[PDB]
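One chain comes next, on its own, written out as structure tokens in the form deposited in one PDB entry.
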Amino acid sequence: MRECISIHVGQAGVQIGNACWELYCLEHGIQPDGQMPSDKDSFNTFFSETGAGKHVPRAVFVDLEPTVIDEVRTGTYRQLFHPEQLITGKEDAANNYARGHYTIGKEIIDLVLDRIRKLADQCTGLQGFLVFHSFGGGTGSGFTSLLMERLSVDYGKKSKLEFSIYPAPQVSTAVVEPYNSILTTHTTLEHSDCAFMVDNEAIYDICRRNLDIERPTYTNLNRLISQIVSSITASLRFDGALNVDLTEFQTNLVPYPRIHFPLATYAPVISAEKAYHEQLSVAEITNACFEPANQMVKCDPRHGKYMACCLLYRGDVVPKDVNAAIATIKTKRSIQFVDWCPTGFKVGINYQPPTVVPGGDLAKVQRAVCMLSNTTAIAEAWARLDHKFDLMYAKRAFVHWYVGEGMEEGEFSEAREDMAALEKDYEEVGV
């Protein structure tokens, strides 16, 4: 196999990673103590093995404050991870990109690399890293951008994928979150090969609409996010022919290195209270992949053009029914590919139904689908973020907090200007 190391930065990256690794164990059949009964490899990309038969995740948890990681050190899966891979500081970045990148982040950046090096030396064929972090947090933005620069120097030919959390005012914690999201994007744009953005507002509205959760919490959001991250990384952990390694993620989803932000859509999402629902067909869940309500980022792909589209099915799915669903969707919907790409749809099928976590809000389904697509409509997400950035930066609001922590004010302009060039990268492709 080719191993994969997952990196979890900040509160958002740690709590989402905790929910993901709980789901990974229930999918592979791994007990919370790391023991897996005589199962019959592919799962070894995410799990190493000790001499006693213990399956330990290839994961690193980093945070500048210990409150969130201390929950993992005492939680249900506390005996699953290596204790030395749970790294904690004492004072967080205070929602300041400059603290996580320049001042506070430097005091622990070397220790994180030496711990990552220990997992790297254990691998026989390391292919890349998975980085989980938020955009708004000082650690998720400042420390992540710092870590991505170091990984490009010490690991030259290794891939790097991101699971980034897009800020949403419903469940946001800082007014300077638009600042940090722009600063971390400009500094990580050249060091990241493919980034899957998760809009908190999209996941928030899905929980209220489909799951009937009046006021969703971080628990409700993370369980749904982990259910989507699993469908994206299932091809790396199980047998298949589509997106079998990190290099294939770039080949299938990213035609040009700067536009490496694919859009993810998931279906079906059904509340657990409706255990006796009707099993939606392959054609029903495929048509739901083109509705804006099921997308992980709030945007309208009908207003953009397609450069790539992948379909990862899970469960009772007959391949002949997928082709009939694509032929109908090709002629029914207004799906416009760019003039320089083949209008084909890549299909991968895993014949196991998705695994639900006990205590979750999702019901069991016989078939589910996750579509990964690269459409120019995702530039709308950058446009809303750039508008909040320009409103505050015109008056230089909150800027003194950043320049007081080693950062220079000129970095604000070079980052915003890079976003303007990134916005025109989508316009030059699909007008």
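Here the rigid core means the biggest group of C-alpha atoms that line up within 1.5 Å when the two forms are laid on top of each other. Note that residue numbering follows the sequence shown and begins at 1. Residues that one form lacks are left out of the comparison.
What comes next is about the form deposited in another entry, which is not displayed.
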Query raised in the report: Upon rigid core superposition, which of the listed residues (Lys118, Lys274, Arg258, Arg209) is displaced by 2 angstroms or more at its Cα between this form and the one not shown?
Result: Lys274
Query raised in the report: Taking the rigid core as reference, does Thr355 move its C-alpha 2 Å or further between this form and the one not shown?
Result: no
Query raised in the report: Relative to the superposed rigid core, does the CA atom of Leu246 travel 2 Å or more between this form and the one not shown?
Result: yes
Query raised in the report: Are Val60 and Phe249 closer or farther apart at the Cα level in the other form than shown, by 3 Å or more?
Result: farther
Report summary line: The CA atoms of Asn243 and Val254 move 3 Å or more in the other form, ending up farther
Report task. Superpose the two forms on the rigid core, then report in sequence order the stretches of at least three consecutive residues whose Cα positions each move 2 Å or more between this form and the one not shown. Result -> 38-40, 240-250, 272-275
